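Only the coordinates and a few stated rules stand behind these numbers; no lab work does. Cβ: placed from backbone, ideal geometry, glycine included. Neighbour counts: every protein chain shown.
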Amino acid sequence: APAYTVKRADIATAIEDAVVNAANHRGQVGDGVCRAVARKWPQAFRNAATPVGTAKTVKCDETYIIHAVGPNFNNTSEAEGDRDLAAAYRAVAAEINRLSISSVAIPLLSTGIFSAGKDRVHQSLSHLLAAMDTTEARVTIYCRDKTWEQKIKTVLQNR
């Protein structure tokens, strides 16, 4: 069975078997919590593009890194947006079982440019957990080095 957890770091220097990333759509090096990963595993980004609402694993060397593409609410209808956000997390969850890892780090998708108002970990984390509960890996939630992580803790205890 999976289990939730929280860690205060950039989602890159994780130590779980697999590392999920808030990938843009185009697998390019880009803004926000993405670059951290690219510095360790640049080859994993190399043509790692995949459509909205999905996940694309690339093996850099001997790790499974999973690029999850969140929908941009700033350019989609809330129906499409919450749906494809769940789609992305579900595609991740599939790849978790698919590569069959025991532990994986996972950032709260819906930040920087995807949010367009959607700025509640509680919401994204609902769609994430609903999908990732279907796996049996550890579920180490990451965000950044900050008070946001504290909020994610309180939510994880409340939910």
Relative to a virtual label point 7 Å from the Cα of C60 in the Cα→beta-carbon direction, which members of the range 121-159 show backbone nitrogen distances below 17 Å?
142-143
Candidates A44, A88, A105: whichever shows maximal mean-square fluctuation once the chain is modelled as a Gaussian network with Cα springs under 10 Å:
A44
Plugging the Cβ-Cβ distance of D31 and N158 into 1/(1 + (r/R0)^6) at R0 = 30 Å yields, to the nearest 0.05, a FRET efficiency of 0.45
Suppose the chain between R8 and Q123 were pulled fully straight at 0.36 nm per residue; how much longer would it get relative to their current alpha carbon spacing?
39.5 nm
Of all DSSP beta bridges in the chain, antiparallel share, percent nearest 5
20
Report the full-extension gain for the segment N74 to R39: residue separation times 0.36 nm, less the Cα-Cα distance, to one decimal in nm.
9.8 nm
Please order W148, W41 by the number of other Cβ within 10 Å, starting at the fewest.
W148, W41
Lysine pairs, Cα distance under 13 Å, 8 or more residues apart or cross-chain: how many in the chain?
4
Förster radius 35 Å - calculated FRET efficiency between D145 and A116 (Cβ-Cβ, nearest 0.05)
0.90
No solvent, one uniform scatterer per C-alpha: report log10 I(q)/I(0) for the chain via the Debye equation at q = 0.14, 0.18, 0.19 1/Å, two decimals.
-0.60, -1.06, -1.20
Whole-Hz couplings from phi, Karplus 6.51/-1.76/1.60, listed for the range 10-19; x for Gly and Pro
5, 6, 6, 8, 6, 9, 7, 4, 10, 10
The chain, helix-only ellipticity at 222 nm - DSSP H runs n ≥ 4, -39,500 (n - 2.57), divided by all residues, nearest 500:
-10500 deg cm²/dmol
